[PDB]
Amino acid sequence: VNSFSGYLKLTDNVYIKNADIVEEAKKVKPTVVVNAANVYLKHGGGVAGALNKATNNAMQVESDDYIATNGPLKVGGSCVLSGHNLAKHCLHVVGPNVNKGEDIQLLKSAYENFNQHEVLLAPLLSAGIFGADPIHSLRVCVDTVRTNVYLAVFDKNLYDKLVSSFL
Ligand SMILES: CC(C)[C@H](Nc1ncnc2[nH]c(-c3ccc(S(=O)(=O)NCCO)cc3)cc12)c1ccc2c(c1)S(=O)(=O)CCC2
């Protein structure tokens, strides 16, 4: 259960590893995997596309049914759906996409959703092509998340810059 390996503990509740979140989910089958979602839960590329491809599109079929019945999420919001073969549950969280003018204050609301789950495997919210400064996203995670979060960052260069900034 939640057999995370090779993480570096940064704080009492934040751990980090240079790894593909999809490979970590396949190995660990955690209780919760976090998806870096958008408000219509369309998993077209990046982390969301990779997690969806690893479920062979089951995540996308389920997300479409959630959207049809409940409507879109808001930026900073989340929903809990099945984790299929990757985890017991998938927590779809929408961080702001600064490359599109969404406010950075919503990154704190996005990480606050992690607090409803004791243990989570997660990506660094709003980083990559969402345009937020990735070291700033790690500072918001550290100051906002109180439950146990295991961050998988699939880039050794960025992992080293995050760990150098933190230590
Ligand atoms: C900052 C960056 C290093 C980080 N990336 C990632 N972090 C952690 N696990 C990751 N897996 C992949 C991946 C991609 C594609 C594929 S593939 O389907 O092309 N190849 C399949 C081979 O089995 C296979 C894994 C990316 C990745 C990240 C963190 C946050 C965000 C992004 C990206 S974003 O997707 O640009 C926008 C949403 C916010």
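Just so you know, ligand 1 is whichever comes first in the structure, and atom 1 is the first atom listed for that ligand. The first residue of the sequence shown is numbered 1, and numbering continues consecutively from there.
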How far is atom 9 (N) of ligand 1 from its nearest protein heavy atom, and which residue and atom name does that atom have? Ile21 N, 3.0 Å

Give yes or no for whether the N/O distance cutoff of 3.5 Å, strictly under, is met between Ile129 and ligand 1. yes

Measure the distance from atom 8 (C) of ligand 1 to every protein heavy atom, then report the residue, atom name and distance (to 0.1 Å) of the closest one. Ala152 O, 3.4 Å

Please indicate, with yes or no, if any protein heavy atom is found under 4.0 Å from atom 38 (C) of ligand 1? yes

Taking side-chain contact (heavy atoms from CB on, under 4.5 Å) as the criterion, tell me which of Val149, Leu106, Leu125 meets it with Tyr111. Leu125

Could you grab the distance from atom CG of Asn148 to atom NZ of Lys9, nearest 0.5 Å is fine? 8.0 Å

Considering only NZ, NE, NH1 and NH2 on the basic side and carboxylate oxygens on the acidic side, decide whether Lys156 and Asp160 come within less than 4.0 Å. yes

Between SG on residue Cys90 and CG on residue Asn52, distance to nearest 0.5 Å: 10.0 Å

On a heavy-atom basis, the closest approach of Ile21 and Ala152 is CA-CB, 3.9 Å

Report yes or no: does a heavy atom of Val22 sit under 4.0 Å from some atom of ligand 1? no

Smallest separation among heavy atoms of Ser63 and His43, with atom names: OG-NE2, 2.9 Å

Under 4.0 Å from atom 2 (C) of ligand 1, can you find at least one protein heavy atom? no

May I ask whether atom 22 (C) of ligand 1 is less than 4.0 Å from at least one protein heavy atom? no

For ligand 1, which is the ligand I care about here, please tell me if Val47 has any N or O atom under 3.5 Å from one of the ligand's N or O atoms. yes

At less than 4.0 angstrom from any non-hydrogen atom of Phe130, what atoms of ligand 1 do you find? 37 (C), 38 (C)

Shortest protein contact, atom 24 (C) of ligand 1 (heavy atom only): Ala50 CB, 3.7 Å

Atom 30 (C) of ligand 1: which protein heavy atom is closest, and how many Å away? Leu124 O, 3.0 Å

Report the nearest protein non-hydrogen atom to atom 12 (C) of ligand 1: residue, atom name, distance rounded to 0.1 Å. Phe154 CD2, 3.6 Å

Atoms in ligand 1 flagged as close to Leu158, the criterion being non-hydrogen separation under 4.0 Å: 1 (C)

What atoms of ligand 1 come closer than 4.0 angstrom to any heavy atom of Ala36? 38 (C), 39 (C)

If we set the cut-off at 4.0 Å for heavy atoms, which region of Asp20 has an atom near ligand 1: side chain, backbone, both, or neither? both

Would you kindly specify which portion of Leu125 sits under 4.0 Å from ligand 1, judged on non-hydrogen atoms: side chain, backbone, both or neither? neither

Return the set of residues passing salt bridge (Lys or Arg N to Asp or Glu O under 4.0 Å) with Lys42 (not counting sequence neighbours), or none when no residue passes. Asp64

Which residue and atom name correspond to the protein heavy atom nearest atom 32 (C) of ligand 1, and how close is it? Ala127 O, 3.7 Å

Give me the one residue out of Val80, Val33, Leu120, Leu81 that meets side-chain contact (heavy atoms from CB on, under 4.5 Å) with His89. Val80

Output yes when a side-chain donor or acceptor of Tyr7 lies under 3.5 Å from a complementary backbone atom of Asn18, and no otherwise. no

Option from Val119, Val93, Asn13 for which side-chain contact (heavy atoms from CB on, under 4.5 Å) with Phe114 holds: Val93

Top protein contact for atom 20 (N) of ligand 1, by heavy-atom distance: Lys53 NZ, 4.3 Å

Run the numbers for me: atoms of ligand 1, each under 4.0 Å from some heavy atom of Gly128, listed by number. 1 (C), 36 (O)

Can you name the salt bridge (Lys or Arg N to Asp or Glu O under 4.0 Å) partners of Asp155, sequence neighbours left out? none

What distance separates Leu8 CG from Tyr159 OH, expressed to the nearest 0.5 Å? 4.5 Å

